[PDB]
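Colleague: below: the sequence, then the experimentally determined structure.
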Amino acid sequence: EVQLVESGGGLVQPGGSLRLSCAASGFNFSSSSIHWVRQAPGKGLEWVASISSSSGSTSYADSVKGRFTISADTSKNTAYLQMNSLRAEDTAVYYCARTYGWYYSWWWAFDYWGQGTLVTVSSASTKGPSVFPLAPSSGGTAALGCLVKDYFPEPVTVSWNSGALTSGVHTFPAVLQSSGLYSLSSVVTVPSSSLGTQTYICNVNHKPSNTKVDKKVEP
Amino acid sequence: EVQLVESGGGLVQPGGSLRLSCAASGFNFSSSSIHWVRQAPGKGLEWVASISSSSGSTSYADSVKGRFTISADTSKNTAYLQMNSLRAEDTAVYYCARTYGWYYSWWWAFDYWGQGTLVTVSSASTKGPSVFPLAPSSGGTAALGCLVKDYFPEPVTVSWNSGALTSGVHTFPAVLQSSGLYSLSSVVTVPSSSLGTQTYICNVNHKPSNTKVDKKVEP
Amino acid sequence: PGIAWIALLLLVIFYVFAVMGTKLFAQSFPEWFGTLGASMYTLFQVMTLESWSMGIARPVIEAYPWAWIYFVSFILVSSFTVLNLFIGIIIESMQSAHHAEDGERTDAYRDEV
Amino acid sequence: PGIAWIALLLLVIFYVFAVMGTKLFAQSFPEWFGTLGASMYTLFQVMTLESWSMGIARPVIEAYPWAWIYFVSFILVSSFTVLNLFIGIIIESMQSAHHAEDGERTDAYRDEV
Amino acid sequence: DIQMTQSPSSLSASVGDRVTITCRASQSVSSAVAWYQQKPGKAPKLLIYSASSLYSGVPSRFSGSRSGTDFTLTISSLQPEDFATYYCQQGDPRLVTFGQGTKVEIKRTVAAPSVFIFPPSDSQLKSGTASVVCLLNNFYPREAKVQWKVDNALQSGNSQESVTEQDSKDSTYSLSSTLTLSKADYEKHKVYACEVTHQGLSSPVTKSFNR
Ligand SMILES: CCCCCCCCCCCCCCCC(=O)OC[C@H](COP(=O)(O)OC[C@@H](O)CO)OC(=O)CCCCCCCCCCCCCCC
Ligand SMILES: CCCCCCCCCCCCCCCC(=O)OC[C@H](COP(=O)(O)OC[C@@H](O)CO)OC(=O)CCCCCCCCCCCCCCC
Ligand SMILES: O=C(O)c1ccc([N+](=O)[O-])cc1
Ligand SMILES: O=C(O)c1ccc([N+](=O)[O-])cc1
Ligand SMILES: O=C(O)c1ccc([N+](=O)[O-])cc1
Ligand SMILES: O=C(O)c1ccc([N+](=O)[O-])cc1
Ligand SMILES: O=C(O)c1ccc([N+](=O)[O-])cc1
Ligand SMILES: O=C(O)c1ccc([N+](=O)[O-])cc1
Ligand SMILES: O=C(O)c1ccc([N+](=O)[O-])cc1
Ligand SMILES: CCCCCCCC
Ligand SMILES: CCCCCCCC
Ligand SMILES: CCCCCCCC
Ligand SMILES: CCCCC
Ligand SMILES: CCCCC
């Protein structure tokens, strides 16, 4: 229940701006410190900024000093990261963390971490994906699924029957397909005798383009 | 950047007086203590005086008690050593030092030292030097330079192309030449193939006589 | 009342402990105690007794273990002034029965006039 | 006010701690504590809390390690008088509403005259 | 009267050798002692304070030790730039004394000098007095011998020699021999030569000109 729900990321043009929100829930926000830490695809963690929710004190990294600005509204019960003059380096997944302490403050733990949100800085425009089922062949060995092609930017959140079918899923990472759009697959293995027992819907979603698509797969 | 720029020395007649200034820059002057320590040519260091910049308290050596007087103006951000009844013993290089502490005050370090200024007590008058180039002979083995003769008192500050030519310089110490004037040499080795590539100017200076002379050397 | 004349004493205490923190920690912790303003700000942050408070505390005490008796004293000397001051007002406020008589003498006299 | 009547107490404290420093350190540190004037001056220099302050402190403590509780006490007993005195004035200054009434009675009565 | 007796006065050790410098106080000053490096003509720099603690920025090869009343500066691996004079200090506001000093000299293999000779300047002849400069660059040890020959007649009483301090990186010496002569004897003669007789040379090498 003690969670940090963050949002506000996505696509933004170079030299632009973007606001990241991190709403805390379940603990005492004021007494804690809130942290923004970024990870570019293919590197380790990089500290961005930290703020005392109650005290309002701020501390920034030398790499983003002046360009970024961290804040926190205790009434709104939420911290914020305003980002300006965004560039190619800033393309990364940003995470929100906390130190709620008397014990993690005397160590700068950080104890809890938000789940992460992507910020891709590019010029091209948003595009929704195309959801194409992948047909089976025939009490086991039934590999089926659906492909998700021609979307930009990342990510695509694929599920199966709204989280009913979890075991056996192998949702792949995306590729580039030189044209300049992302394209991934989403496969799942089931018993072949149950091709008709359960309904097999892959619930594809692409929030940058609001492409909320549900598609069933059948031989 | 944390430095002690001292000045005010030079030549003075016996029984005369002279003022030494030590301007502090880059640190907290008031919180520090300032020190004058002398070295006669051919002996070790000798403590002269110490003062608290903020407190104004003074402490003098028994050898110069009453004759010297140390002071410090915090507004001018500078310490001072007034010297009276100067004699032959007082002919020495005087250094300005500090103890800026909570560390070095509980040990009397002294942590930082000024670069030094000469005080020669004599009767004869000031004289500017004569700068005479020293001609080469012919990708190496080219010893050239310039001689600096008939100056008094010390010192002569020789450089080459305003600090451009540093490696290979062997600016000699002065000699007396019984007449009673100082005379030194200033040599430098270069590649002989570059006699015409770079300009070879020795920038002689003699501040007691304002003799700021620039002379090129060429075969 | 003159309750802002009280805050002058609290700013004096902030000032003296900030000068202390400057004299003690400026060379080693410049961002926290390198200036009088930094010392003021760091003392305020410690007085908040929040996450940043312990965060400031831990490296200062790792570097100088005695530093705790600094911070603690700042928290004590401050709080025990306020309380003591705050407990004196109550005594100097329980004096005002004579004040009620004052007003009542004002009444009876003004008609007399 | 009579705020110079306050400094009499501070000079008394200087005097008593200077006599202490004379009784303790005169034989061993004559230039700093050999006379009452030297003790006064050395206590002032220590109270400055400057470079010379620690410079005076270090040999006195090397010679007599207990000497610190001397200096510290001088710094405490002094500062806690001032503060306490300084916190009493505020209480004896928040009794002047009665003085405003005083002036107002001066007005009304000296018209009746 | 807090006396500091520093020893030795001079020492010469090769590069990498382990150098020790003693400084004895006259009473228990328990740790007031400091140690200083001074390169010639420059400002002294603080190596050691508290007689053991190392000043921020000093290399690890410098260390300070104590035995009751006898303090010691130790250089583990003597480097050629460690050529300096080292001073031990007392500490007090009311009095400060230093040691007599210890000059650390570097030892290295035999080095033969680069020998050169310079003619008197054109504008120098306008003074009625000329000077001949014989240069000896980058040699070791400091002992050398410069002989003068005017028309193959040896000179004496009219030359002076100046030697630089030992260099920071190669630890070698430079020598300048100035030969002063009235312009009369300068023009009356034609052959001028300086002959260097150095240890690192088999036959004494001579450099000459003819005016
Ligand atoms: C009886 C009271 C103590 C007498 C003081 C002794 C004089 C000190 C002489 C030191 C010998 C020198 C060797 C270097 C000594 C050294 O390495 O010190 C470390 C350092 C001293 O400063 P230095 O300039 O020597 O160190 C430089 C470094 O800090 C960084 O370069 O900081 C200290 O820890 C200061 C505190 C002294 C520690 C004593 C304070 C008392 C602690 C009490 C803790 C609380 C007790 C509560 C009860 C539960
Ligand atoms: C105070 C000095 C701090 C120096 C820190 C850095 C230098 C040393 C490195 C320490 C790292 C230690 C890691 C192990 C340490 C470790 O991780 O924790 C071990 C132990 C248990 O920790 P807590 O109870 O904080 O554990 C919280 C957990 O229950 C949560 O899972 O810690 C304590 O002792 C806490 C009590 C504070 C202890 C000090 C309180 C005052 C006690 C003194 C009593 C005074 C009576 C008078 C005597 C004179
Ligand atoms: O570094 C800081 O976060 C800082 C902010 C404000 C102030 N100040 O306003 O004194 C000092 C430091
Ligand atoms: O000139 C001064 O800064 C100065 C300060 C204090 C005292 N005094 O306290 O004596 C004398 C001079
Ligand atoms: O040694 C001194 O600097 C000193 C100056 C003044 C006084 N005095 O004013 O007593 C004593 C010592
Ligand atoms: O900074 C404080 O002292 C503080 C005051 C009140 C609360 N509170 O009641 O949430 C927390 C901290
Ligand atoms: O042990 C110390 O050095 C020490 C430093 C400061 C304080 N103090 O600010 O109270 C006490 C002791
Ligand atoms: O010379 C003095 O002022 C002096 C006074 C008292 C003591 N005594 O108390 O040991 C010593 C010296
Ligand atoms: O930097 C200052 O303004 C300053 C503050 C306090 C003190 N003092 O009380 O020692 C001296 C200077
Ligand atoms: C008289 C100086 C008061 C302190 C000024 C502080 C400026 C940052
Ligand atoms: C000012 C009080 C000094 C106490 C001295 C104690 C010596 C052991
Ligand atoms: C290590 C020096 C501490 C002294 C600060 C003043 C103590 C009251
Ligand atoms: C860490 C001790 C605090 C006493 C109130
Ligand atoms: C001037 C007091 C120093 C306490 C160590």
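Modeller: Nice, thanks for sending it over. Numbers count the residues shown, from 1 in each chain, chains lettered A, B, ... in the order given. Ligands and ions are numbered 1, 2, ... in the order given.

Colleague: ok, which stretches of chain A are helices?
Modeller: Assignment of helices within chain A using DSSP state H yields the ranges A:177-180.

Colleague: measure how far stretch A:174-190 is from the centre of its chain, please.
Modeller: 17 Å (CA atoms, centre = their mean, to the nearest Å).

Colleague: only the buried residues of that stretch, if you could.
Modeller: A:174, A:181, A:182, A:183, A:184, A:185, A:186, A:187, A:188, A:190 (16 or more other CB atoms under 10 Å in any protein chain shown). (Each C-beta comes from the backbone N, C-alpha and C, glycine too.)

Colleague: following the record's annotation, map out the domains of chain A.
Modeller: A:3-121, A:130-216 (curated CATH domains).

Colleague: in a markdown table, list those domains along with distance to ligand 8.
Modeller: Formatted as a markdown table, these follow (distance: least, CB to the nearest ligand atom, whole Å):
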| stretch | distance to ligand 8 |
| --- | --- |
| domain A:3-121 | 50 |
| domain A:130-216 | 85 |
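
Colleague: which ones are touching residue C:95?
Modeller: Residue C:95 makes contact with residue D:95 under the criterion CB atoms under 8 Å, 6 or more residues apart in numbering or on different chains.

Colleague: quick check: it is in a helix.
Modeller: No: Residue C:95: not assigned to a helix; according to DSSP: H, G, I helix; E, B strand; the rest coil it is coil.

Colleague: from ligand 1, how far off is it?
Modeller: As judged by CB to the nearest ligand atom, to the nearest Å, residue C:95 and ligand 1 stand 44 Å apart.

Colleague: leaving out sequence neighbours, find the closest residue to residue A:109.
Modeller: Leaving aside its chain neighbours, residue A:109 sits nearest to residue A:99 (5.4 Å; criterion: CB to CB, 6 or more residues apart in numbering or on different chains).

Colleague: list the contacts of the one you found.
Modeller: Contact analysis of residue A:99 by CB under 8 Å, 6+ apart lists A:32, A:33, A:35, A:105, A:108, A:109, A:110, A:111, C:51, C:55.

Colleague: for the third one, which non-adjacent residue is spatially closest?
Modeller: Of all residues beyond its chain neighbours, the one nearest residue A:35 is residue A:97 (4.2 Å), with distances taken as CB to CB, 6+ apart.

Colleague: next, name the residue at the spatial heart of chain E.
Modeller: Taking CA atoms, centre = their mean, the centroid of chain E lies closest to residue E:165, which sits 3.0 Å from it.

Colleague: residue contacts, that one?
Modeller: Listed by CB under 8 Å, 6+ apart, the contact set of residue E:165 reads E:40, E:83.

Colleague: redo that, cut-off 10 Å
Modeller: B:173, E:39, E:40, E:41, E:83, E:84, E:105, E:173, E:174 (CB atoms under 10 Å, 6 or more residues apart in numbering or on different chains).

Colleague: by contact count, what packs against the one helix or strand residue C:77 maps to?
Modeller: Using DSSP states H and E, residue C:77 sits within helix C:67-93. Helix C:67-93 makes packing contacts with helix C:4-25, helix C:36-48, helix C:51-63, helix D:67-93 when contacts are defined by 3 or more CB pairs under 10 Å, 6 or more residues apart in numbering or on different chains; DSSP states H and E.

Colleague: what's the angle from the following helix or strand past it to helix D:97-112?
Modeller: For helix C:67-93, the following helix or strand on the C-terminal side (DSSP H and E) is helix C:97-112. Orientation check (axes from the mean of the first three to the mean of the last three CA atoms, to 10 degrees): helix C:97-112 against helix D:97-112 gives 20 degrees.

Colleague: and the residue of chain A found nearest ligand 1, how close does it get to residue C:64?
Modeller: Residue nearest to ligand 1 within chain A (CB to the nearest ligand atom): residue A:106, separated by 18.2 Å. Per CB to CB, to the nearest Å, residue A:106 is found 16 Å from residue C:64.

Colleague: kindly report the same for residue A:76.
Modeller: 39 Å.

Colleague: OK, contacts around residue 102?
Modeller: No chain was given, so I picked chain A. For residue A:102, the contacting residues are A:31, C:49, C:50, C:51, C:53, C:54, by CB under 10 Å, 6+ apart.

Colleague: let's do chain E instead
Modeller: Taking CB under 10 Å, 6+ apart as the test, what residue E:102 contacts is B:44, E:6-11, E:19-23, E:73, E:84-88.

Colleague: among those, which ones are in strands?
Modeller: Secondary structure assignment by DSSP state E places E:6-7, E:10-11, E:19-23, E:73, E:84-88 of those in strands.

Colleague: look up phi and psi at whichever residue of chain A sits closest to chain E.
Modeller: Closest to chain E within chain A is residue A:62: 22.6 Å, counting by CB to the nearest CB. The phi/psi pair for residue A:62 (degrees, to the nearest 10) reads phi -60, psi -30.

Colleague: returning to that earlier point: deepest-packed of the domains of chain A, please.
Modeller: Highest mean neighbour count of the domains of chain A: domain A:3-121, a mean of 18 (counted as mean count of other CB atoms under 10 Å in any protein chain shown).

Colleague: indicate whether that domain makes contact with ligand 3.
Modeller: Yes: using CB under 6 Å from any ligand atom, we find that domain A:3-121 touches ligand 3 at A:57, A:58.

Colleague: what of stretch C:11-20?
Modeller: No: judged by CB under 6 Å from any ligand atom, stretch C:11-20 stays clear of ligand 3, getting no closer than 10.7 Å.

Colleague: which residues touch that stretch?
Modeller: Defining contact as CB under 10 Å, 6+ apart, one finds that stretch C:11-20 is touched by C:7, C:33, C:35-44, C:46-47, C:70-71, C:73-75, C:77-78, C:81-82, D:49, D:79, D:82-83, D:86.

Colleague: ok, 6 Å please
Modeller: By CB atoms under 6 Å, 6 or more residues apart in numbering or on different chains, the residues outside stretch C:11-20 that reach it are C:36, C:39, C:40, C:43, C:74, C:78.

Colleague: sec struct for residue E:185, please.
Modeller: Recorded secondary structure, residue E:185: helix (three-state DSSP).

Colleague: now it. Nearest residue, chain neighbours left out?
Modeller: In space, residue E:185 comes closest to residue E:150 once its chain neighbours are excluded; the distance is 7.6 Å by CB to CB, 6+ apart.

Colleague: who does that neighbour bridge with?
Modeller: Residue E:150 forms beta bridges with residue E:192, as assigned by DSSP bridges.

Colleague: close enough to count as contact, it and residue E:190?
Modeller: No: Residue E:150 is beyond contact range of residue E:190, at 8.9 Å (criterion: CB atoms under 6 Å).

Colleague: circling back to that earlier point, any of the ones in strands among the contacts of residue E:102 buried? List them.
Modeller: Buried among the ones in strands among the contacts of residue E:102 by 16+ other CB under 10 Å: E:6, E:11, E:19, E:21, E:22, E:23, E:73, E:84, E:85, E:86, E:87, E:88.

Colleague: next, give me the two most distant ones among these.
Modeller: By the measure CB to CB, E:22 and E:84 form the most distant pair in these, at 16.9 Å.
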